[PDB]
Amino acid sequence: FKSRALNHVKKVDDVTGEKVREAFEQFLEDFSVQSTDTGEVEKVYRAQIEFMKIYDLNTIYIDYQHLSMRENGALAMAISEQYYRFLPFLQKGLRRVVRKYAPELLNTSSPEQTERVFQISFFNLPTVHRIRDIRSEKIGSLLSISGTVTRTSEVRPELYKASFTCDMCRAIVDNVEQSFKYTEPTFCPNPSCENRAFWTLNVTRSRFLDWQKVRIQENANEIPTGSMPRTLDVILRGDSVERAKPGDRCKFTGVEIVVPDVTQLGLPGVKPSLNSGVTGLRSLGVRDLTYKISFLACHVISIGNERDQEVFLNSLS
Amino acid sequence: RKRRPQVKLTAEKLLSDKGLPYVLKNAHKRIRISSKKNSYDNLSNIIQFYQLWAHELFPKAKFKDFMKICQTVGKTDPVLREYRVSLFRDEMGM
Amino acid sequence: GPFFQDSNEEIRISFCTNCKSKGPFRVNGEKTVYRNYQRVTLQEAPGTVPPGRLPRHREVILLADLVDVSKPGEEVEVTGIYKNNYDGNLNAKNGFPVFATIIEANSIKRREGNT
Amino acid sequence: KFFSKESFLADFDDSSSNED
Amino acid sequence: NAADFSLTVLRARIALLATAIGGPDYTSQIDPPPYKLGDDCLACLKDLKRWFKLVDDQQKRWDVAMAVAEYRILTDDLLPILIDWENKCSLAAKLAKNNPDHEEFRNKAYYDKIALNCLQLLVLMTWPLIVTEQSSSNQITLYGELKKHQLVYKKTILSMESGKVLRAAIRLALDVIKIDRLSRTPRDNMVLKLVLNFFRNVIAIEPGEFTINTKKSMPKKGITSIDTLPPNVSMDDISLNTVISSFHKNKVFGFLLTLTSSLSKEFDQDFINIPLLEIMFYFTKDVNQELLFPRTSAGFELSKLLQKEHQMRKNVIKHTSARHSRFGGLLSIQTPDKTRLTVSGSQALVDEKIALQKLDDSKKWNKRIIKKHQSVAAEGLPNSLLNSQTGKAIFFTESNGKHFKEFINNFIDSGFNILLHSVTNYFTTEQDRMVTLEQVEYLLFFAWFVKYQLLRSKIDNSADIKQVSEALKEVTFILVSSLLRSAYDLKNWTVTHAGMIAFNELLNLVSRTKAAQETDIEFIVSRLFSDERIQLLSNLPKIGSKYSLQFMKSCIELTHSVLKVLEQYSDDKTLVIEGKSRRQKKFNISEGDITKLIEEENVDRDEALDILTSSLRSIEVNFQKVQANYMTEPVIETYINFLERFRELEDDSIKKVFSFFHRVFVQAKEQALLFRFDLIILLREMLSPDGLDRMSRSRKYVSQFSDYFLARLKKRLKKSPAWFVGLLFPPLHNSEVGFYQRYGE
Amino acid sequence: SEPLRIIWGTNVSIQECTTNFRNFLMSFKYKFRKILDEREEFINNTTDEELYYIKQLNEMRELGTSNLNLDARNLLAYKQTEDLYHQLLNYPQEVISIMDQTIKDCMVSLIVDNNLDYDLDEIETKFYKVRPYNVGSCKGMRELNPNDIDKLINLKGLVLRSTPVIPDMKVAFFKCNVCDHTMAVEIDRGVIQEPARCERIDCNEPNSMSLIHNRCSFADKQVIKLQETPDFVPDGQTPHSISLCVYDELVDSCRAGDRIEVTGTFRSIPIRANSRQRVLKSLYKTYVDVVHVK
Ligand SMILES: [Zn+2]
Ligand SMILES: [Zn+2]
Ligand SMILES: [Zn+2]
């Protein structure tokens, strides 16, 4: 048998990403701007990390005004212009700071122990956008949208990190990432085996995340004369599921994303399914691909019991 | 079943009217290297005439691939070698 | 060889035990075992939901004795294994790698009275 | 710049004692 | 059904043994459960050693390793035992230091024996996995999954309360060290070798490689990922930053320093000379020395990177159409030979160059480019500078980078010389028996620490270059030159690359010591350039173009160092060199001449006969001959092939390439070597806005060389039109016309 | 000797067109239009001596916008672009690109000519597009014929409904799976120029390409169902509807229910009969690709 070896050390790194990672981790470990009591070094994000360490949370609340104050607005502009490129580097910097300060926080927390899926939320943007103001020139960018939710979906599991087994030699391929369609590995890592299809999913080993798709429309204050309201799908993942109830005036801050037609990508078990889009792809064959504007929100606010003495005095100021 | 041979850069192809005699006829007329122009424009003017000559001669290959197959044919074909020494001998005879 | 059915998705036959390729497959009558199967649409109770909101639907598998125990309109407490399976229609109509959820019921208790 | 082994034992025992 | 039955009974027996080693003591009520040893548990450690001996070693199987790994013996049994022993021994040492002969261990010998056996299993189970040819199919099937389990092992070792097992291992070492040198049995020094081997296993574990089967054709989906990582293990846990943090917190660095600095006076050096070098190599295989000296600052470099990205994005969107995709624009271009060629675009409507780049890019036929298929990974070797990309950067933090800088500085200032002398003592007798791994790690250790001391002496004047003065002995010269020569004659190319790096840094060190002081320097430059080594360094670039990018970059740096160290002797003429004589050099000796030489240089006549013989092979070389030997066409071919990757490289490598192009095209004055068309296409690509940045300092000398190049090109084509053919083809070899082709008569 | 470029099937030079429009936009003052609109008897010369377009282009670099409203009757005014006016009635999609590249080159020449201290990055980053209006007589939706295919027309109508914004790719972003090389390719007429391998020679792995959907750069496309105005309809039939495709800045420039005079090219595309097949029906979908909205 003949085998070809591929190394992970050959991969080209994009140095702007790890410089963003260094700037973000220095922003976490060196912010120290608070007016609580006297003017003192506080490092409020480190205190928030110990707050997670006490209360076993998994999401971080970061104000965007702090990012604008740190390094003349340049780091905030670098995050806001290309959030999708720097998001693994943002997660790596958060993981490095948590490893430096709270080493037990990296695990989920008892034999089963998985990597904690840290979710980064950036709130308090300087401007808010309307659904009518959404353009496709600013996808992958940090945007805030005010709207009213029409209906909300079931809290369903996404396949976040996937593990598969080869049906021939029972080899294990894990950390397969599914962007928008359910994907299986192509090349069997055993050099003796030559399997290409027929991979069986490992339900237990794979790591899942919560999913919710809420559909929003613009508020009646900004609806002009004689127009049907334009709609937008907003994705809530992780801790932010079931936070927004339908019919409320609410602000989502997060990422504008674009989603492809999944049926046109050749999903297993689904027949290929009116506006002409792009084509000329190998996965498309002769078919065309359509695109829809959606949103990937990272933080939600809504702008529209315990009958015992001890818990009420604990909850009191 | 032998149906067709796929075409490559051959000795009869360089010795046609559209080929290296075209280069000897029109390269000194077409190529202009000037000190007033910057080096990008000069180098692109060098590339442009040879790229049009390549797209008239052997349009199947890309231009860097065309230079690679010219290197291979110049290392291989003997008729091209005696033509190349014949050009030099004819110009030093005059 | 005989393979056990998980009552979520059909057993994927990639090859055969003698030939390493797909072929014609039909059920032999040498060893066949049949069990009862019934899906119920378990809607959330309207006194349990928040007032004015929408109910939630999860398909629940009833096997063996559990068939015909539930009735349409009967309020129940189902104690069951909460599994998930891959379907292509949810990924088709949602745009994200989303998995359907299936409750395999181990037991049904009638919720008689206020309890 | 010679590094003494007895200094490493002393530093090991001292950083066992208080660790600074 | 024998194989799966044997596998399941083996897995059952390893499961029973793993339950029989110990338990977390759930009976006692402590908020952290203290680990309690099982009854008759040392016999279980000997049974794991017996299982790893009888099955894994002679029978050529790796089933026992995964049978251990899936039941978490290292994660849940050996590490809590060693950490409990470490904590108990530390508390007992504190209480015995404050008051001696109070609160002893009950069974300290038993605890020391089980700790030693646990460390033996750590070394035996985290051994580096090499799969060469003719190995068993079980190892070939199991190699990737066992590498993943070793990655889990490295993460669990470095992450379990910041690696207290490292403190346990150094405590097991200082159990040996406290004994006097005369009273130490060889078993105690073997325990020291066990500890040093454990540290080399902790450092040396790297992510595996993704191997595919190429018998079947590659489908349209292709390779979707090459990730070879376990679920809980990330790239941050494996990386060197956590290694430096866990080593500095647990004082591994001081342990390595105090064994390196007193290697000859305190320890038997033959036991631990090789694992110490392996440890130093496994630090320094993936660290670039220029990035260790950094010269808001992160935001400063970030702002410059966004400015560079903004300029490149502006140059990209110059080509981008202003309208949408369906806005159809068709353009018909004509040559002065009347023809119509149609292109589709909006930006290509106005300018000719974008339209011609479209017409070049519209073709769907691609030439074959043959690949070496990276056969270095077939040998058992770690990923290093010989395998990593030139643009790969290790991202040290501030504290980790400062601790690594302090450790390397104290290593060079304390015991680089003693360790290097001991290793070149050992390898000069074991030269014909060492496999490629020790040759590669010796040459890389030597080259890395010589280069780091050179860079530190260049940056700061406080450091002394004489701290790597034992690099300049004749024994290391002989060893490095013989390793490079034996690598070349056997056509081994990894050791050739490592020796090329080592020889380049050797020449750089010689040049630095010569520039510092102006002597033994003429003796050593006569020593290195003796024999047929000038022909070796001459024909190394001729064979460079076939191999990888890193080999070709080392060819650049080695040839630049050779020409820089040999251009210093152009006027001084001191080029006496021991040469190889071919035919008869026999001379009838005269004993009167011998005795007057005895009176002259105070010598015995046997070594005067040696001097009289060695004077006969002494020759002199011409530096113009060295240049003219270096000017062969495959050397220009490999340098043009190296300049093709101009996006990835920094300014220094292309500065070296254009300096050699100035050496060819201005100084040597033969210009037909650079009158080839691939250089013209590459110069168009570099001088385009899509290529080199205008703010970069490289484009200045690229533009100057291209200006002088096109000036001489227009001179040659104005004097002779026949060279219009000569740009296309390789240069001609016929002697009747080749003088006119190369020089113009 | 110079390989000049010709608009396809037209025998019209690129260089003649792009010099005629350039010298036009440098040297068109409004008094020549006042001559050739028969408004000589109502001249206001103090608004006529100055350059009509150079002042507007100096205003665009200060306001920050990058869209030039232009009327085509001035092409009848200035002589050198007179035949170019017929190009606007004959071959719109080429010459419109020629005008917007000439506009961007005029910003470049105006910055570098008077030595005004302005950064070239902000000039070259923005995309300039021409917006021609008032090109000719208003045409009816009934009188539209297949002789108007690939021509520039005006329409008068009302908006029935407005779709949400449709993404259209402008640069496709591709990534190698074995070496993480991130490269960019150009979309042309809806087909992706997909590479078979990396541009890097070091890996050059075939079939390793992946499309990163969210890192591609996009543009806007909105389809408007234009309805014929009730003043000019025949008495027998309902007003007809046409597809009206706006792009980029002109998306959401048209509200609902308002009367608009729209300017655009009249194009016909083949509709695809089956979703997974290449078979195209004989009937063609007609849409007005919009270059200006009034
Ligand atoms: Zn397999
Ligand atoms: Zn079969
Ligand atoms: Zn690649």
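Protein chains in written order, with PDB author numbering: chain 6, 92 to 200, 255 to 418, 433 to 463, 497 to 509; chain J, 46 to 139; chain 2, 349 to 463; chain K, 324 to 343; chain I, 11 to 305, 329 to 551, 555 to 781; chain 4, 174 to 467.
Ideal placement from N, C-alpha and C gives every residue a C-beta, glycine not left out.
Check                                                                                                                                        : Outcome
Neighbour flag for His-354 (chain 4) against chain 6, beta carbons, 7 Å                                                                      : yes
Proximal residues of chain 4, C-beta to C-beta of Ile-402 (chain 6) below 8 Å                                                                : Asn-387
Endpoints, the alpha helix (DSSP H) within which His-698 (chain I) is located                                                                : 687-698
Distance between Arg-458 (chain 2) and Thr-396 (chain 2) (C-alpha atoms, nearest Å)                                                          : 16 Å
CB contact flag (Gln-472 (chain I), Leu-516 (chain I), <7 Å)                                                                                 : yes
Proximity test, Cβ basis, 7 Å: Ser-362 (chain 2) and chain 6                                                                                 : yes
heavy atom of ligand 3 below 6 Å from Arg-373 (chain 4) C-beta                                                                               : yes
Validate contact between the stretch 116-127 of chain 6 and the stretch 442-454 of chain I using beta carbons, cut 8 Å, 3 pairs              : no
Cβ contact (3+ pairs, closer than 8 Å) linking the stretch 584-600 of chain I and the stretch 611-618 of chain I                             : no
Residue interval of the alpha helix (DSSP H) (run including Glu-627 (chain I))                                                               : 627-637
Spatial neighbours of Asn-348 (chain I) in its chain, beta-carbon cut-off 7 Å, leaving aside the 5 residues before and after                 : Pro-725, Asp-726
The stretch 286-295 of chain 6 touching the stretch 405-416 of chain 4, judged by at least three CB pairs closer than 8 Å                    : no
Start-to-end residues for the alpha helix (DSSP H) that takes in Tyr-475 (chain I)                                                           : 469-492
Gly-428 (chain 2) - DSSP class collapsed to helix/strand/coil                                                                                : strand
C-beta neighbour in chain I for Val-124 (chain J), strict 7 Å                                                                                : no
Amino acids of chain 4, ordered along the chain, whose beta-carbon sits closer than 9 Å to that of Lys-110 (chain 6)                         : Going along chain 4, no residue has its Cβ under 9 Å from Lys-110 (chain 6), so there is no contact; the nearest lies around 16 Å.
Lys-499 (chain I) at chain K interface by Cβ criterion, 7 Å                                                                                  : no
Nearest candidate by alpha-carbon position, reference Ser-455 (chain 4), set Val-464 (chain 4), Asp-462 (chain 4), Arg-445 (chain 4)         : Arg-445 (chain 4)
Partner residues on chain 4 for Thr-234 (chain I), Cβ-Cβ distance less than 8 Å                                                              : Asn-350, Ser-383
Pairwise C-alpha distance: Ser-186 (chain 4) and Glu-255 (chain 4)                                                                           : 15 Å
Buried or exposed (CB count within 10 angstroms, at least 16 for buried), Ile-233 (chain I)                                                  : buried
Residues, ordered as in the chain, of the stretch 288-307 of chain 6 that lie near chain 2 by beta-carbon distance below 9 Å                 : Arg-296, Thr-297, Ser-298, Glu-299, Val-300, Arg-301, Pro-302, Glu-303, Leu-304, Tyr-305, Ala-307
is_contact[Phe-300 (chain 4), chain I] using C-beta, thresh 7 Å                                                                              : yes
Segment contact, 8 Å Cβ cut-off, at least three pairs: the stretch 344-362 of chain 6 with the stretch 375-390 of chain 6                    : yes
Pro-104 (chain J) versus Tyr-675 (chain I): straight-line alpha-carbon distance, rounded                                                     : 29 Å
Simplified DSSP state of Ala-355 (chain I), which is helix, strand or coil                                                                   : coil
Contacts around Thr-461 (chain I), its chain only, beta-carbon distance under 8 Å, and the 5 residues preceding and following it disregarded : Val-508, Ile-511, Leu-512
CB contact flag (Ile-570 (chain I), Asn-433 (chain I), <7 Å)                                                                                 : no
Alpha helix (DSSP H) segment containing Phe-205 (chain 4), residue limits                                                                    : 203-208
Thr-408 (chain 6) at chain 2 interface by Cβ criterion, 7 Å                                                                                  : yes
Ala-345 (chain 4) in three-state terms, based on DSSP                                                                                        : strand
Status (buried if at least 16 other CB within 10 Å, exposed otherwise) for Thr-529 (chain I)                                                 : buried
Beta-carbon proximity list for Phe-108 (chain J), same chain, < 6 Å, skipping 5 on both sides                                                : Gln-96, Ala-99
Below 6 Å from a heavy atom of ligand 1 - residues by beta-carbon                                                                            : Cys-311 (chain 6), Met-313 (chain 6), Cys-314 (chain 6), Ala-316 (chain 6), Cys-333 (chain 6), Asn-335 (chain 6), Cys-338 (chain 6), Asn-340 (chain 6)
beta-carbon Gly-371 (chain 2) near ligand 2 non-hydrogen atom, thresh 6 Å                                                                    : yes
Members of the stretch 55-66 of chain J that neighbour chain I once the beta carbon cut-off is set at 8 Å                                    : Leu-65
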